[PDB]
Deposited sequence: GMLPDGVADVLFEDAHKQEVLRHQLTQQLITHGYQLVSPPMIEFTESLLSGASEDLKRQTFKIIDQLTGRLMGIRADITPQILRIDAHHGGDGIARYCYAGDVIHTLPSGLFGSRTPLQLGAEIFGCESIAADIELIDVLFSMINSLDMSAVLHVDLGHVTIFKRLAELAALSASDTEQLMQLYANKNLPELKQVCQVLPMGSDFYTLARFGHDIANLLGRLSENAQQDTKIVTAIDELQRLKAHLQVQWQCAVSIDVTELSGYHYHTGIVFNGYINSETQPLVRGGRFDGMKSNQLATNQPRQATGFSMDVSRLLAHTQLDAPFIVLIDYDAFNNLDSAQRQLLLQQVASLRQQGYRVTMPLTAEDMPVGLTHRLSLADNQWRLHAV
């Protein structure tokens, strides 16, 4: 038996993951994202530079026997992209993509994976929300190309709005912890009561009770809040991004400005992509620090396997007894034909014996009247 959150991916699932991993990688590359392939392991000094407590706890530690120094098995590739951008990126716009195995000490969600195949894209060096719209464009090209029946819905949030309501209203760590717990738990009554006590409290209850309706939200906020340009611009970014997703990609967009997870990592707009009614987001993206401006997304490619189908494979057996009756020149000719079928992606087995049977056989390649041809089983 394997450890919880660890599974084999076998046979057609493995072929399908191979095809996904590859198609999505070339898509990102054709959109001008540079593929980087950082290693599974690094010294913790680099791997967890500016890490959260969640990321440190999620990273398996191992000892470098060469030096005695602590190393980690990466639980997230994103920090490695930072290290790479810092070294090679320059001061102008830079684009990176990646696909790589990451390992988590504990599962994300109930019976969730600890070995997600992490695929992602990041844009460094652009302030404009234009870069966030570009990531959305690349993401949605990728998703549409998978010809899934599953629908992706996108939650937009903006940590800036709450971070500002918290600053302008001089909230205590204590208080901020309270509201975040209450938001995270959709506790409207508990929040309504607590806000009657807190300064600019009406604003904090408004984000919860009226955040979904982004088009009117600024109008519902206090004079103080509506005055602050960070809040005005933040509510603007959500509007620009929301419309773009509906108009350009016919994407169902919900808005939740009380979506404050990754509070420490997120510096602005946040996009979460949900497949069907599945609890854990398939895609986690948004603005983060590098004074280097940066935005990005990532997904576990392995979570797409359930919602993607390939055309049935053609699995082909050359007739053992017929092939052995052939003269040399007849064999060169049948090999030239088999080479052609493999070019076309047919899975062809030169049999070692009369009993050699490929798994899920569909066709034999058989001799009849000086002609080799495929015959369904």
Discussion item. I have the full deposited sequence and the modelled structure. Can you tell me which residue ranges, counted from 1, have no C-alpha coordinates?
Written reply: 1, 292-301
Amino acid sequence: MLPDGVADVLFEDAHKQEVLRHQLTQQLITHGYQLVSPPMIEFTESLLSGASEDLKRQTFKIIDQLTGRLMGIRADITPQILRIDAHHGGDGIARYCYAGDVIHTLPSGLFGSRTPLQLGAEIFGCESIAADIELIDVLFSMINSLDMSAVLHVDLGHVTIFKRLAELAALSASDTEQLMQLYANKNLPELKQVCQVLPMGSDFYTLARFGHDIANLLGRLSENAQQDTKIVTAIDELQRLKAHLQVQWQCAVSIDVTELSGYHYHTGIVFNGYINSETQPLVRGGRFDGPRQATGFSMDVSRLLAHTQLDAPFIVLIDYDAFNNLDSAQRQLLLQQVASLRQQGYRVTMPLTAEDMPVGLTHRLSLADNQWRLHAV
From here on, numbers count along this sequence of modelled residues.
Practice prompt. Take the C-alpha B-factors listed in the entry for 27-35 and for 48-56, compute each mean, and give the stretch with the larger one.
Written response: 48-56
Worksheet, complete the sentence: Going by the entry, of stretches 77-85 and 222-230 the one with greater average Cα B-factor is 222-230
Discussion item. Maximum C-alpha temperature factor per the entry, among 302, 144, 298, 172, belongs to which one?
Written reply: 172
Practice prompt. Could you say whether, by C-alpha temperature factor, residue 72 belongs to the lowest, middle or highest third of its chain?
Written response: lowest
Worksheet item: Which third, lowest, middle or highest, does the CA B-factor of residue 6 fall in along this chain?
Response: lowest
Worksheet item: In terms of the CA temperature factor given in the entry, to which third of its chain does residue 210 belong: lowest, middle or highest?
Response: highest
Worksheet item: residue 364's Cα B-factor: lowest, middle or highest third of the chain?
Response: highest
Item to complete: Select lowest, middle or highest to describe the third in which the CA B-factor of residue 96 falls within its chain in this entry.
Response: lowest
